[PDB]
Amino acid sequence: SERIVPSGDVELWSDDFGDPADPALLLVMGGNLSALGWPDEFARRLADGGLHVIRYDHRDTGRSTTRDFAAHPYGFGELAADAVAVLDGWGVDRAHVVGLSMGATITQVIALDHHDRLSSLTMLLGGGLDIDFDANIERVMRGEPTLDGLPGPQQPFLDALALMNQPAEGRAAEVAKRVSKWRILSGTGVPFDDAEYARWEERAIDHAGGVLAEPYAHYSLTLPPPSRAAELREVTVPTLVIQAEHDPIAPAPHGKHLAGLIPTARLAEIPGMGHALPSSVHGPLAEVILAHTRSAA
């Protein structure tokens, strides 16, 4: 089912998968990605292990309140409170939360400031609050090292940004463009299927009322200060960090580093995976997340 949930001065679109009596699993997408960034088929694979899976559209994506950022600015504090508002909207006290990419940054903020709402934490395709990500994009482009000493974003990420700057006319061209972006980001380490990703994007576009433009408000976000990383030493819910082996945005050992900030963190690595969700990795991802959520309950 779906519902619109209130969160301060925004309304958030949300839907679910599985039995509402099973333990709650909240999926938190990356930057500028609506609910439909989590493929329906992945959400079902997870739900069919014994979970009530809930996903939603961040503000400025999908069917959630969309606004001129400059007139009404927000940060990760708001994004995290919004995730908790979705839990409120579905009557959920504590949830297994899963943060992907920019969403892993959000879930670190949840863990720090809404820790009481967590059964467990899972993060993937992401990195620690002490990683100055935006500054690091700037540094890699100028050939400077990162101040954290871990790998910055790699060539496929940059290639993906250059594609996004190229023009697409009409729905067919937009979908093709988006799929080419994902193909770049996913790499060749695991089987990538263009037809499936095209369908996922067609659904994402339909969900946005057929509008072809990607969300863009999240490019105006400012990251939490790196001082917040130190506070993760006080997190006590079971934490799982998943490293995609060939992640071009957050390469190894970002995952190991993120796990090293949280005393309850364990690290897993999906062989061959890039920064995308082809159905080739839905089985492996669901398996490790399910095993984690079971041990926390």
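Don't overthink the numbering: it's just position in the shown sequence, from 1.
- The deposited model assigns a higher average Cα B-factor to 64-72 than to the other stretch when 46-54 and 64-72 are compared.
- Of the two stretches examined, 245-253 and 31-39, the record assigns the greater average C-alpha temperature factor to 245-253.
- Of the candidates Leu79, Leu150, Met123, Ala95, the one whose C-alpha carries the top B factor in the deposited record is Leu150.
- The PDB entry assigns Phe133 a C-alpha temperature factor belonging to the highest third of its chain's modelled residues.
- Annotation for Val211: C-alpha temperature factor in the middle third relative to the rest of the modelled chain, per the entry.
- For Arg266, the recorded CA temperature factor ranks within the middle third of the chain's modelled residues.
- Split the chain's modelled residues into thirds by C-alpha temperature factor. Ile106 is in the lowest one.
- Ranked against the other modelled residues of its chain, the C-alpha B-factor of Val140 as given in the entry falls in the highest third.
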